[PDB]
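To start, the structure under review is shown below, and the notes come after it.
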Amino acid sequence: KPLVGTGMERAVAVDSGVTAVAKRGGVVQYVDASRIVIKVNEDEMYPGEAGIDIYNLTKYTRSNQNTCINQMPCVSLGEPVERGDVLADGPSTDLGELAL
Amino acid sequence: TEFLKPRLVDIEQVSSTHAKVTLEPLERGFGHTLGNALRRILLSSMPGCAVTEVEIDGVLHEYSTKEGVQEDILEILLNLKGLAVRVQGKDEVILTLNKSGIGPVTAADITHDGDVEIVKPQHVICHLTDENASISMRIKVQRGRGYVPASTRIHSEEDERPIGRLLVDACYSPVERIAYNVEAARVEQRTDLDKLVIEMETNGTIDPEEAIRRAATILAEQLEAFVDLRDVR
Amino acid sequence: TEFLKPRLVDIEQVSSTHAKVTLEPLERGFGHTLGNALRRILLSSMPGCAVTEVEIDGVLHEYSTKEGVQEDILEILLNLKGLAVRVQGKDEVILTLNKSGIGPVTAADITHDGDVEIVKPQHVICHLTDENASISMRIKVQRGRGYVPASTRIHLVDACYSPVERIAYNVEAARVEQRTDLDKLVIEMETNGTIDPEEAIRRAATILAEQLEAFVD
Amino acid sequence: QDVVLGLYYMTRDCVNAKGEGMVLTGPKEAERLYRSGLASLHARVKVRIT
Amino acid sequence: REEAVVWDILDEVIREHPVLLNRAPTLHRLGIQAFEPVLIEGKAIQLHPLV
Amino acid sequence: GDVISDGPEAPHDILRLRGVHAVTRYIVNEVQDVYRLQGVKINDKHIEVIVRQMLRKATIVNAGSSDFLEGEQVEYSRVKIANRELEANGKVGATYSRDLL
Amino acid sequence: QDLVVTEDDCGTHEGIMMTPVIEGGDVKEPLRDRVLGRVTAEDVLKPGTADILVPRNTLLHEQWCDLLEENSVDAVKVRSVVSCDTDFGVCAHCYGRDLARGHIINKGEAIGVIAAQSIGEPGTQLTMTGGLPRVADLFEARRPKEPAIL
Amino acid sequence: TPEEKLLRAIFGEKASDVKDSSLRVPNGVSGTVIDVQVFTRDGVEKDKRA
Amino acid sequence: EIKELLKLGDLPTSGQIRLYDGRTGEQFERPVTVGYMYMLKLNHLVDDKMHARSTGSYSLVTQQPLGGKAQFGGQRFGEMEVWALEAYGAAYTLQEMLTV
Amino acid sequence: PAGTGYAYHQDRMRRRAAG
Ligand SMILES: [Zn+2]
């Protein structure tokens, strides 16, 4: 993480698709290094189909520059997350901030 | 006229990690002459036993994901490099970790051995996310000196085939931080003599008195050649 | 566990007083810990017998002038510090120098004593001018460990006890046939001649190990 | 650059420092004064030189 | 095979055998200078500071 | 070669009217003004050799063996007028004029 | 390029007169730097005469320049590559000593290149009259816009 | 050539009608194989591994 | 604010402290600035940059060193580099460079 | 035809216009 910073690092991490941002808010049902399943809050949930938003994380893979692009889950089992919360760091992202 | 030898006085333990040993009978300036020379040998060439080879269940290489664990295999390997243990009469031992069920897997869930002492049973190896998710692993721990990275550990080859044997980097060393401070100690009659307060920091796998002796051991052995000089070749 | 002890060590001497030893192979960083810890004891805590106190014939303070010598009182003192001496069975001896007459006063013009050994009778003490000119003083030589300057006397010359004149250690990288980096060690010393360089570093390293006597098994 | 800041800081002098005023036989024992911590790198001193 | 024995042989063939070192905008003739090789672990070229 | 007006002067003139040494002194001092103003040390020698190359060629005046108006190397001419001062016909000749290129 | 030291001494007494630059104020460059390492066109006298300081063509090294500076010597004529009698090259005497070694220039060194390289390399530091394009106008012989007439 | 032909005769190796094109790790780069892909033309029989 | 935050740190305002050489163990004259800087590793990594060739492949059209195996064609030797050899007396170095 | 080669060319250039 940058110890000295500006405050844009949150904005850069999320706006770039490298991180995984919550589609809808709720509580985490299942946490694996592979996937993340969020059980949606009722206000955010559509009446039909009920649902949960399932985020399939990108795992170890080749970048254009031959660097490694790998996602890691930043949340813990059964934790409240609201829509627009950082779900998983990408490469060079820490807890929603940008660590280069 | 002639000289004076020192000795260790009170070795004051504070934490299993850190402690303050003290050496009272030091002549003029020898507190500095020793403290740095000891700091030198203290931080570097101290024996330690760090995990080396780890063979797990369903995993071919460190770049995979175990279904049912939120830690990537690479990250679990990294957690092991920081597992502090101590053995006694075995120079390498293989520990079997077994656990399942939702929850954290600490360093206390392993199988105890006669020489196994887990100095941090709370040390987190990885978490476990699904009711009936199960992990078995063979953890090969050896003892040695210095820093041996996993890369230099691939030249012997000669069929280390076991695709599932993931080497990790060897950190062998107990010492974390060494600091020495010399404050002037006056024994009632002598002009001026000094003390040595050596404040150290440890992973909890070595007691202060054992360490400082074997430290000093190497010194005279290196000075051995130094005394007479046979121009040897 | 087990450790590395060096091999191949060549001492190429350039005169009996000065020399360059080199000792390889030393494990990582051991070149400085040794090189510095021994530099420490050579320059600092080594035993030597160097002039300390000088009581002069006709003049009480350092701001005066002796009739008949073009050497300032201060400058002769410096000459004295570079007069190299050794005692044998005595821990202090005080020598009276007498000579007169036009010419340089060397170290063979002093009074030889049974336990007294002047390692440089050729050592230039000072010159003498014309006519007569007279000089004799009882000069008090003491024993100690180190460099004890005139300043540290409060209740005179600076005591230069150590035989060492200059110590330098240099740590260069030593390559063992299949190891990455080991260090070499070049210790270049210079001496006043009252101890030969090779001997000294033994007793130098010796004093070191003498302190370890409470820790080693 | 680095080297000349070394030599500049080396041969420079302050007004009052350890070893001020003393005298030495030659550069050999001058380093012996400094390395042992007795004299400061910059202090005004007369020494015999050849 | 990189047998260990070759390293001593390389120090022989290296000893008296200068190599030419050059930088990108060669301007004056000192832009190229000859040096004596010193074997270095690692992939970086070490260059005497004064040059 | 005096100043009949003001303003800068063409180095062609200085060579023609004032002479070879004058113009070479002019170039080196003017170009060296530029560098030295920046603190650049360049020995005047190097500038002099470039100058020597600028005037390498010359234009004949007299005749007897060469082309009268031909621009040509003063190297050739000088070795050739030595080949006439004692060789063949004096012929004449020939006088040239150093040129600035 | 193709310019190379060929002969040894063209044997010309000819050369250029070297004085300090004295630009409008005080001594923008001394005489000693201007003449160092060059070779004398003719013997130089003291302020008084029947005194040969430097005898005809002699390399002026550090002592010789200081002996000239001891005395009040104000002006010196120097053999130059522009005056060298050697055809198709430079006589070693007319050039100078300069090299990475202090000794007189060897027979056969290609001086044109080292001359050109030496002039071109510092050119990064010049400005954008004045500056680097001003240098080029000099070397291009270019006639100024509104010249004087002589 | 003759001396190669003698070479095969002495050491009795049958010199193949096939040349070795195998893809090999570049000199000096060293790592762990994390994946393998096999793309095949339509109509050629997939080998065992594929 | 920075100095004030250093007060709460218990750390000096100067941002400098005394430091000791780990070799001789003696102090460092003058205080030195120590702190925490965020630092990046660019990918100019030396075992990318490093290349060496003895005798490699050759371009057909002009017989010249050309890398085909990734044992790279030799370093490209230029006009300016030729002048550097021309300023020096190195004739044989130059001949061997562009011939053998 | 300079530096180390200057000895050579010289030795060859003279061979020319000769016999
Ligand atoms: Zn000439």
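Chain labels A, B, ... are given in the sequence in which chains occur in the structure tokens; within each chain residues are numbered consecutively from 1, and ligands are likewise numbered from 1 in the order shown.
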### Task
Just the residues within 9 Å of stretch 163-168 of chain C, please, counting only C-alpha atoms, with nothing from its chain fewer than 4 positions along; format it as a ChimeraX atom specification.
/C:35-36,39,42-43,46-50,84,146,186-197,200 /D:27-29,31-32
May I ask you to write as a compact mmCIF listing (two decimals) with C-alpha atoms, in the first residue's frame all residues lying at most 7 Å from ligand 1, with only C-alpha atoms and all ligand atoms counted?
# COMPACT_ATOMS: atom_id res chain seq x y z
CA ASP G 9 58.30 19.11 -39.47
CA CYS G 10 57.19 20.99 -42.54
CA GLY G 11 59.95 23.36 -41.54
CA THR G 12 58.13 26.63 -41.83
CA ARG G 79 52.94 27.38 -35.57
CA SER G 80 49.38 26.32 -36.43
CA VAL G 81 47.81 23.66 -38.63
CA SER G 83 50.06 27.56 -41.60
CA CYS G 84 51.69 24.11 -41.92
CA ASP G 85 53.75 23.76 -45.09
CA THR G 86 53.10 20.02 -45.31
CA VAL G 90 49.75 18.33 -40.96
CA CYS G 91 53.37 18.42 -39.89
CA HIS G 93 55.34 20.47 -35.26
CA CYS G 94 52.60 22.69 -36.56
### Task
Between I:30, I:38, I:11, I:44, single out the one closest to chain A, counting only C-alpha atoms.
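Ranking I:30, I:38, I:11, I:44 by distance to chain A, first place goes to I:38.
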### Query
Which residues, written as a VMD selection string, have at least one atom at most 7 Å from stretch 201-212 of chain B, with only C-alpha atoms counted and residues fewer than 6 positions away on the same chain left out?
chain B and resid 16 to 19 84 to 86 119 174 to 178
### Message
Using only C-alpha atoms and a cut-off of 12 Å, which residues of chain A sit close to chain H? Please list them as a PyMOL selection string.
### Response
chain A and resi 59-62
### Query
Which parts of stretch 145-185 of chain B does DSSP call strand (DSSP E or B) when run on the backbone here, written out as a PyMOL selection string?
chain B and resi 145+148+165-167+170+175-181
Can you write out the residues you just picked, keeping N, CA and C atoms, as a compact mmCIF listing (two decimals), in the first residue's frame?
# COMPACT_ATOMS: atom_id res chain seq x y z
N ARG B 145 21.97 -22.76 8.19
CA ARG B 145 22.54 -21.47 8.50
C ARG B 145 22.29 -20.57 7.30
N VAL B 148 18.90 -19.52 2.27
CA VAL B 148 18.99 -20.29 1.03
C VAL B 148 17.68 -20.13 0.26
N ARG B 165 5.91 -31.68 -4.69
CA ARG B 165 6.83 -31.19 -3.67
C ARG B 165 7.16 -29.75 -4.01
N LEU B 166 6.51 -28.82 -3.33
CA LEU B 166 6.78 -27.41 -3.54
C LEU B 166 7.86 -26.96 -2.58
N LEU B 167 8.98 -26.51 -3.13
CA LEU B 167 10.05 -25.96 -2.33
C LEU B 167 9.63 -24.55 -1.94
N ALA B 170 14.26 -20.91 1.99
CA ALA B 170 14.79 -21.18 3.31
C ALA B 170 15.27 -19.90 3.99
N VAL B 175 17.40 -14.90 14.40
CA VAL B 175 17.54 -13.52 14.83
C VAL B 175 16.71 -12.61 13.93
N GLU B 176 16.10 -11.61 14.56
CA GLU B 176 15.32 -10.60 13.88
C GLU B 176 16.01 -9.25 13.96
N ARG B 177 16.22 -8.71 15.16
CA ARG B 177 16.85 -7.41 15.36
C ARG B 177 17.89 -7.49 16.47
N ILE B 178 19.11 -7.03 16.21
CA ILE B 178 20.12 -6.97 17.27
C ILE B 178 20.57 -5.53 17.45
N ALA B 179 20.56 -5.07 18.70
CA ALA B 179 21.05 -3.75 19.08
C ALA B 179 21.92 -3.88 20.32
N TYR B 180 23.04 -3.17 20.36
CA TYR B 180 23.89 -3.15 21.54
C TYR B 180 24.13 -1.73 22.02
N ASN B 181 24.05 -1.52 23.33
CA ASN B 181 24.37 -0.23 23.92
C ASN B 181 25.35 -0.43 25.07
### All residues 10 Å or closer to stretch 34-39 of chain E, only C-alpha atoms, same chain fewer than 4 positions away omitted, as a list in words
residues 175 of chain C; 7, 10, 11, 14, 15, 16, 17, 18, 19, 20, 21, 22, 30, 45, 46, 47 and 48 of chain E
### Query
If you count only C-alpha atoms, which residues fall within 9 Å of residue D:18, apart from same-chain ones fewer than 4 positions away, as a PyMOL selection string?
chain D and resi 37-43
Store the residues of this selection in a file with C-alpha atoms, as an mmCIF file, in the first residue's frame.
data_model
loop_
_atom_site.group_PDB
_atom_site.id
_atom_site.type_symbol
_atom_site.label_atom_id
_atom_site.label_comp_id
_atom_site.auth_asym_id
_atom_site.auth_seq_id
_atom_site.Cartn_x
_atom_site.Cartn_y
_atom_site.Cartn_z
ATOM 1 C CA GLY D 37 38.017 8.760 18.115
ATOM 2 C CA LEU D 38 40.523 11.089 19.764
ATOM 3 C CA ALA D 39 40.802 13.805 17.098
ATOM 4 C CA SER D 40 38.151 15.333 14.857
ATOM 5 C CA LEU D 41 38.582 15.184 11.093
ATOM 6 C CA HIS D 42 38.610 18.981 10.999
ATOM 7 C CA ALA D 43 40.666 20.662 13.726
#
Residues of chain B within 10 Å of chain H, counting only C-alpha atoms - could you list those as a short mmCIF file (atom, residue, chain, number, x, y, z; two decimals) with N, CA and C atoms, in the first residue's frame?
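Contents of selection28.cif, as written:
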data_model
loop_
_atom_site.label_atom_id
_atom_site.label_comp_id
_atom_site.auth_asym_id
_atom_site.auth_seq_id
_atom_site.Cartn_x
_atom_site.Cartn_y
_atom_site.Cartn_z
N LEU B 60 -0.61 -29.31 -7.87
CA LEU B 60 0.57 -29.58 -8.69
C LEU B 60 1.66 -28.54 -8.52
N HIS B 61 1.29 -27.28 -8.30
CA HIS B 61 2.27 -26.20 -8.27
C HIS B 61 1.73 -25.08 -7.40
N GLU B 62 2.63 -24.17 -7.00
CA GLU B 62 2.30 -23.08 -6.08
C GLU B 62 1.35 -22.05 -6.64
N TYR B 63 1.04 -22.11 -7.94
CA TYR B 63 0.21 -21.11 -8.66
C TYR B 63 -1.25 -21.53 -8.78
N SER B 64 -1.67 -22.58 -8.10
CA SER B 64 -3.05 -23.07 -8.18
C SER B 64 -3.92 -22.53 -7.04
N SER B 151 15.63 -21.01 -5.33
CA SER B 151 16.23 -21.13 -6.65
C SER B 151 17.54 -21.90 -6.56
#
### Query
I:62, I:15, I:93, I:29: which is nearest chain D, counting only C-alpha atoms?
I:29
### Message
If you run DSSP on the backbone here, which positions in stretch 29-94 of chain F get helix (DSSP H, G or I)? Please write them as a ChimeraX atom specification.
### Response
/F:29-38,44-54,74-85
The selected residues should be written to file as a tab-separated table (two decimals), in the first residue's frame (atoms: N, CA, C and O atoms).
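New file result_10.tsv:
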chain	number	residue	atom	x	y	z
F	29	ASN	N	38.25	33.16	-32.57
F	29	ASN	CA	37.87	34.00	-31.45
F	29	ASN	C	36.36	34.15	-31.35
F	29	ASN	O	35.81	34.20	-30.25
F	30	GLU	N	35.66	34.20	-32.49
F	30	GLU	CA	34.20	34.32	-32.44
F	30	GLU	C	33.56	33.01	-31.99
F	30	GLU	O	32.69	33.01	-31.11
F	31	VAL	N	33.93	31.88	-32.60
F	31	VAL	CA	33.35	30.61	-32.18
F	31	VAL	C	33.72	30.30	-30.73
F	31	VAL	O	32.89	29.81	-29.95
F	32	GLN	N	34.96	30.60	-30.33
F	32	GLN	CA	35.38	30.39	-28.95
F	32	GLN	C	34.65	31.32	-27.99
F	32	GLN	O	34.50	31.01	-26.81
F	33	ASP	N	34.21	32.48	-28.48
F	33	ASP	CA	33.38	33.35	-27.66
F	33	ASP	C	32.12	32.61	-27.26
F	33	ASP	O	31.71	32.62	-26.09
F	34	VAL	N	31.46	31.98	-28.24
F	34	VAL	CA	30.24	31.23	-27.97
F	34	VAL	C	30.46	30.14	-26.91
F	34	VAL	O	29.74	30.10	-25.91
F	35	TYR	N	31.45	29.26	-27.10
F	35	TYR	CA	31.65	28.16	-26.14
F	35	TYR	C	32.05	28.64	-24.76
F	35	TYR	O	31.48	28.22	-23.75
F	36	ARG	N	33.04	29.54	-24.69
F	36	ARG	CA	33.57	30.00	-23.42
F	36	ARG	C	32.50	30.72	-22.64
F	36	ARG	O	32.53	30.73	-21.40
F	37	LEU	N	31.54	31.31	-23.34
F	37	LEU	CA	30.42	31.95	-22.66
F	37	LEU	C	29.62	30.93	-21.86
F	37	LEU	O	29.00	31.29	-20.85
F	38	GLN	N	29.64	29.67	-22.27
F	38	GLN	CA	28.97	28.57	-21.58
F	38	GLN	C	29.86	27.84	-20.58
F	38	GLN	O	29.37	26.95	-19.88
F	44	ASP	N	42.02	25.91	-28.82
F	44	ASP	CA	41.82	26.60	-30.08
F	44	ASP	C	42.33	25.78	-31.28
F	44	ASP	O	41.94	26.05	-32.42
F	45	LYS	N	43.22	24.83	-31.02
F	45	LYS	CA	43.81	23.96	-32.03
F	45	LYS	C	42.71	23.36	-32.93
F	45	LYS	O	42.67	23.61	-34.13
F	46	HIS	N	41.81	22.58	-32.32
F	46	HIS	CA	40.76	21.88	-33.05
F	46	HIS	C	40.02	22.81	-34.00
F	46	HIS	O	39.82	22.49	-35.18
F	47	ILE	N	39.59	23.98	-33.51
F	47	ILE	CA	38.95	24.95	-34.40
F	47	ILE	C	39.87	25.34	-35.56
F	47	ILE	O	39.40	25.57	-36.68
F	48	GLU	N	41.18	25.43	-35.32
F	48	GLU	CA	42.10	25.81	-36.39
F	48	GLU	C	42.14	24.78	-37.51
F	48	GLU	O	42.27	25.13	-38.68
F	49	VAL	N	42.08	23.49	-37.16
F	49	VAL	CA	42.13	22.46	-38.20
F	49	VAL	C	40.88	22.50	-39.07
F	49	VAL	O	40.96	22.32	-40.29
F	50	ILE	N	39.71	22.71	-38.46
F	50	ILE	CA	38.49	22.88	-39.26
F	50	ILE	C	38.67	24.04	-40.23
F	50	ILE	O	38.31	23.94	-41.41
F	51	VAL	N	39.22	25.15	-39.74
F	51	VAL	CA	39.46	26.31	-40.59
F	51	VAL	C	40.36	25.97	-41.76
F	51	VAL	O	40.13	26.40	-42.90
F	52	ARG	N	41.45	25.24	-41.49
F	52	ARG	CA	42.39	24.91	-42.55
F	52	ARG	C	41.62	24.21	-43.67
F	52	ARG	O	41.89	24.42	-44.86
F	53	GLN	N	40.69	23.31	-43.30
F	53	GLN	CA	39.86	22.61	-44.28
F	53	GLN	C	38.89	23.53	-45.03
F	53	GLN	O	38.50	23.23	-46.17
F	54	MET	N	38.45	24.64	-44.42
F	54	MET	CA	37.54	25.56	-45.12
F	54	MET	C	38.20	26.23	-46.31
F	54	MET	O	37.58	26.39	-47.37
F	74	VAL	N	44.89	24.23	-53.12
F	74	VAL	CA	46.13	24.97	-52.95
F	74	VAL	C	47.24	23.98	-52.64
F	74	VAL	O	48.42	24.30	-52.79
F	75	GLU	N	46.87	22.75	-52.28
F	75	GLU	CA	47.87	21.71	-52.12
F	75	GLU	C	48.50	21.43	-53.47
F	75	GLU	O	49.71	21.59	-53.65
F	76	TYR	N	47.66	21.08	-54.44
F	76	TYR	CA	48.09	20.84	-55.81
F	76	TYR	C	48.86	22.04	-56.35
F	76	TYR	O	49.96	21.89	-56.90
F	77	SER	N	48.28	23.24	-56.26
F	77	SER	CA	48.94	24.41	-56.82
F	77	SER	C	50.32	24.59	-56.20
F	77	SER	O	51.32	24.73	-56.92
F	78	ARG	N	50.40	24.61	-54.86
F	78	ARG	CA	51.67	24.85	-54.19
F	78	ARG	C	52.74	23.83	-54.57
F	78	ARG	O	53.91	24.19	-54.73
F	79	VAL	N	52.37	22.54	-54.68
F	79	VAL	CA	53.37	21.56	-55.11
F	79	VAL	C	53.77	21.76	-56.57
F	79	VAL	O	54.88	21.42	-56.98
F	80	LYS	N	52.86	22.32	-57.36
F	80	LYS	CA	53.02	22.57	-58.79
F	80	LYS	C	53.83	23.83	-59.10
F	80	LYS	O	54.60	23.86	-60.06
F	81	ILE	N	53.66	24.88	-58.29
F	81	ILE	CA	54.46	26.07	-58.53
F	81	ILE	C	55.87	25.85	-58.04
F	81	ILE	O	56.78	26.59	-58.43
F	82	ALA	N	56.07	24.85	-57.19
F	82	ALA	CA	57.42	24.45	-56.83
F	82	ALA	C	58.00	23.68	-58.01
F	82	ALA	O	59.22	23.74	-58.25
F	83	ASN	N	57.15	22.96	-58.75
F	83	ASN	CA	57.49	22.26	-59.99
F	83	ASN	C	57.71	23.23	-61.14
F	83	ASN	O	57.75	22.82	-62.29
F	84	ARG	N	57.75	24.55	-60.95
F	84	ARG	CA	57.94	25.42	-62.09
F	84	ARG	C	59.03	26.40	-61.71
F	84	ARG	O	59.77	26.89	-62.57
F	85	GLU	N	59.13	26.70	-60.41
F	85	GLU	CA	60.13	27.64	-59.93
F	85	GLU	C	61.54	27.20	-60.29
F	85	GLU	O	62.44	28.03	-60.44
### Task
Would you mind reading off the distance between atom CA of residue B:164 and atom CA of residue B:55, one decimal, in Å?
5.2 Å
### Query
Residues of chain D within 10 Å of chain E, using only C-alpha atoms, as a ChimeraX atom specification?
/D:1-3
### Task
Using only C-alpha atoms, select each residue of chain I with any atom at most 8 Å away from an atom of chain B, and give the selection as a ChimeraX atom specification.
/I:22-26
Using only C-alpha atoms, please write the residues we just selected to a file, as a compact mmCIF listing (two decimals), in the first residue's frame.
# COMPACT_ATOMS: atom_id res chain seq x y z
CA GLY I 22 27.13 -2.01 10.62
CA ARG I 23 30.77 -2.70 9.69
CA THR I 24 32.91 -0.67 12.05
CA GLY I 25 30.00 -0.15 14.48
CA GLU I 26 31.12 3.44 15.03
### Query
For residue J:2, which of I:96, I:13, I:85, I:2 is the closest residue, counting only C-alpha atoms?
I:85
### Task
Extract, using only C-alpha atoms, all DNA, RNA and protein residues at most 8 Å from residue F:55, discarding same-chain residues fewer than 4 positions from it, and format them as a ChimeraX atom specification.
/F:51,98-101
Can I get the selected residues back with N, CA, C and O atoms, as a compact mmCIF listing (two decimals), in the first residue's frame?
# COMPACT_ATOMS: atom_id res chain seq x y z
N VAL F 51 39.22 25.15 -39.74
CA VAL F 51 39.46 26.31 -40.59
C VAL F 51 40.36 25.97 -41.76
O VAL F 51 40.13 26.40 -42.90
N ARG F 98 43.58 32.35 -52.27
CA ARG F 98 42.96 31.44 -51.32
C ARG F 98 41.47 31.76 -51.24
O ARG F 98 41.07 32.92 -51.29
N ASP F 99 40.66 30.73 -51.14
CA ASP F 99 39.22 30.90 -51.07
C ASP F 99 38.72 30.36 -49.75
O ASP F 99 39.35 29.50 -49.13
N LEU F 100 37.58 30.87 -49.32
CA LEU F 100 36.93 30.44 -48.09
C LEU F 100 35.67 29.69 -48.47
O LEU F 100 34.74 30.28 -49.03
N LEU F 101 35.66 28.40 -48.16
CA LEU F 101 34.51 27.53 -48.35
C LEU F 101 33.88 27.17 -47.02
O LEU F 101 34.59 26.89 -46.04
### Query
chain B residues within 9 Å of chain A, counting only C-alpha atoms: which ones, as a ChimeraX atom specification?
/B:63-72,128-130
